[PDB]
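Only one chain is given next, in structure tokens, and it is the form deposited in one PDB entry.
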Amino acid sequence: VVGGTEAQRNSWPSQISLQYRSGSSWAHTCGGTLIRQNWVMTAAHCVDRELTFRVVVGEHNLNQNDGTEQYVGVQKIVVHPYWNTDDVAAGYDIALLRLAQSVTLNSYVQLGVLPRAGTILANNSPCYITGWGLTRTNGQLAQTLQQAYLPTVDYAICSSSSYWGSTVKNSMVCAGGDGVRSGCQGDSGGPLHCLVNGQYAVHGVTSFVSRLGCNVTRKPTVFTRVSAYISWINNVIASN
């Protein structure tokens, strides 16, 4: 996250770190949202590489003992059947991970609540992106969970020529684009949290930023629109 602030330890208890095996260590690659005690929602592009994955819940600092972490292997990966790795602009950038164990819920570990199906946020709806992604374009991962205030940019504006043009779809949510704050590499798969009727819900799964850089004016961060995938999600969990 570029231009973020450090999240308090208990603000975003559904945020997870998706990690892969590198040597005999694990390295953070992507964010995710805990949606069942044994299921995580992330971005399809995060799980294209044939890698060993683990999920960390109750994670705050990637390189320090928080005293709150649970570490759980990924047992099954279900990527959206329509996802095409060579065509992120087509959408469908979403995947579900079944965990090898069911995690224990507490103030640091909670299920993320999803919006009602078909819900579209009004232009300029206030949201926070969260994650451990790069803090600068071509920079380094954050050590501690970051959050940034990123207001939505509706489809009409986001798909206009100054913005993302034909690249963005109605299956996506754009947020931010002020040139100061944004998602960045390593935030992919993580949540966009938006307050609706007094409660946060996870409206986005972080998908992409400009190839020109993370925080680029009129290139808001783009997210898979969660409310487009409600029946897909439920169908996968009910059959697995």
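All residue numbers are counted from 1 along the displayed sequence.
Separately, the form solved in complex with a partner chain exists; it is not shown, and the next lines address it.
Contact with its partner chain in the entry with it bound, defined as a heavy atom within 4.5 Å, holds for exactly one of 209, 40, 57, 192, namely 209. This chain is drawn without its partner chain; in the entry with it bound, the residue among 202, 184, 34, 175 with a heavy atom within 4.5 Å of it is 184. The candidate spot formed by 45, 88 and 167 lies fully in contact with its partner chain in the entry with it bound, as each residue has a heavy atom within 4.5 Å of it.
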